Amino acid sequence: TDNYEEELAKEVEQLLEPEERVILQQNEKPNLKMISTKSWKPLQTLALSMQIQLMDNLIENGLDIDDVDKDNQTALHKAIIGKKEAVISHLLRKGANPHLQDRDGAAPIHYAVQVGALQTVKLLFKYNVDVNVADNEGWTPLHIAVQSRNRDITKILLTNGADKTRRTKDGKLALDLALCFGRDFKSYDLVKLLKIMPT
């Protein structure tokens, strides 16, 4: 019963000035240039506000799912940064590119690790992402995992081929990140994982 839509559409039109009405009828579909700015990309905003159907409408009307912003980030990057996991999996099923590095050289796997989204990390493995992708400063997901002090995510990266001899541009191993916090930051547990895993 989408008579609710027609009823609501009429209700709203009855409230509008003639000039507003003309614009509305001129824009059956979303007007990309009028509804986007630098900071606020519609796909990104809709992703963070959990508006999956509205995202699909934009995409189906011709907006590239991998449309990038000023920082070369797509809706997928942002959805992950916001840890919106249902939106994330939807985008991936719709063919969003999980391999793209943004302006800082950061891939979806980098951000999934930073926000500690274990299920998103596992899901990205299924899309065969490069788990050793390095950003502009040579940081890999393993580096970020250890920085976050997360044992589960550190372990699962190592189980899925994370390279523990990869150094940042200034020569840091994930081992260094594990050790540097000293006591009371789960440092020994992380070091143990890094010395034993994989196998």
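The numbering used is simple: start at 1 and walk along the sequence shown.
Taking the mean C-alpha B-factor of each stretch as recorded, 171-179 and 10-18 are not equal, and the higher mean is that of 10-18. Higher average CA B factor: 58-66, of the stretches 58-66 and 146-154.
Across the options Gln101, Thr120, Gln114, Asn128, the residue with the most elevated CA B-factor in the record is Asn128. Looking at the C-alpha B-factors along this chain, the one for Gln26 belongs to the highest third. Compared with the other modelled residues of the chain, the Cα B-factor recorded for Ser39 ranks in the middle third.
Looking at the C-alpha B-factors along this chain, the one for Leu46 belongs to the lowest third.
Placement of the Cα temperature factor of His77 within the chain: lowest third of the modelled residues, per the deposited record. In the deposited entry, the Cα temperature factor of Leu32 sits in the top third of values across the chain's modelled residues.
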